[PDB]
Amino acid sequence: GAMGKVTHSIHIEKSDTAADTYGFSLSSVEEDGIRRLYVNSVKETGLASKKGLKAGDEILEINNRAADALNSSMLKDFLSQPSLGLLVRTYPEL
């Protein structure tokens, strides 16, 4: 592979309960005045893993909205739903 940007669109669906999780976390990181959202972890046995979400992927959009336009209230709202759309920048592993 090389340096080209590759994005991955993911749609995850699950039961609507407080016991059924996607199995991933995200972080907000600021560096030199630019904020990015990253996949912070992916549970090895979870739905997000099954769907090919990778730790270190950069989240570009959630549910058709730019990551930099997302606040914590929006994230809570979106993440509590039984389906979720993610657009991530993803890197070749090697």
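Start at 1 with the first residue shown and count on from there.
Note: missing coordinates for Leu84 occur in none of the other compared entries bracketing this position, so the one-third threshold is not reached. Looking at the other PDB entries for this protein, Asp16 is absent from the model in a third or more of those that include the residues around it. Higher average CA B factor: 61-69, of the stretches 35-43 and 61-69. For the two regions 77-85 and 7-15, the entry's Cα B-factors average higher over 7-15.
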